[PDB]
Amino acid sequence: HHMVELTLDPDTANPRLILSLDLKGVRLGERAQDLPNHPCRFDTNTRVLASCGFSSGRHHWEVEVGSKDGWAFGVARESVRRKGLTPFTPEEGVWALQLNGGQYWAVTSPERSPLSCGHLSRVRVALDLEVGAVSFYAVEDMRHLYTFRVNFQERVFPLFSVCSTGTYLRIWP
């Protein structure tokens, strides 16, 4: 199965995020690193993109996910805002799933959409820029979790947020 190789982009990472050395894994730390601000860095929201943005075609990858609340992952338009507190919503260029209050959500606005999917360990993301879709599948039985149909009009970047200690996101492969 032909999947893209993604690495987290340290220039984008919120200063409190802890990236692994292989740039696959993301946790939230207790203290903000002293990092030089970069126009790309999320200075307030607890997010980080892969260094790869997408302009065209179909691309797959997988995300392993902690069992404790705190994570959200998906894709974001390149213009997603980095500076100050920003809403986490499709309006703002953010199409994600989320584990929060013991519940899986698709992050619709103005209300999140509860998913009835059972426990997740690993999710396949399929980004289709030709049709304009991003779908999520539980790898155990490739069960369908959610699709956002979107007419993407700029580059689309894999997105990760961890806003609690005690949980993680890991990119595969």
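The numbering used is simple: start at 1 and walk along the sequence shown.
Practice task
Higher average CA B factor in the deposited record is what I'm after, so tell me if that's 27 to 35 or 59 to 67.
Solution key: Result of the comparison: 27 to 35.
Practice task
Look over 49 to 57 and 139 to 147 in the entry and identify the one with the greater average Cα temperature factor.
Solution key: Here the higher of the two C-alpha B-factor means belongs to 49 to 57.
Practice task
Compare the C-alpha B factor of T86 with those of the other modelled residues in its chain, then answer lowest, middle or highest third.
Solution key: Ranked within chain, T86 CA B lands in the middle tercile.
Practice task
Quick one: classify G102 as lowest, middle or highest third of the chain based on its Cα B-factor.
Solution key: Middle third, going by the recorded CA B-factors of the chain.
Practice task
Could you look up the Cα B-factor of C163 in the entry and say which third of the chain it sits in: lowest, middle or highest?
Solution key: Answer is highest: the recorded C-alpha B-factor places it there.
Exercise for the section: Would you check the entry's CA temperature factor for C40 and let me know if it's in the chain's lowest, middle or highest third? Expected result: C40: CA B-factor falls in the highest third of its chain.
Exercise for the section: Pull the Cα B-factor of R124 out of the PDB entry and bin it into the chain's lowest, middle or highest third. Expected result: Answer is lowest: the recorded C-alpha B-factor places it there.
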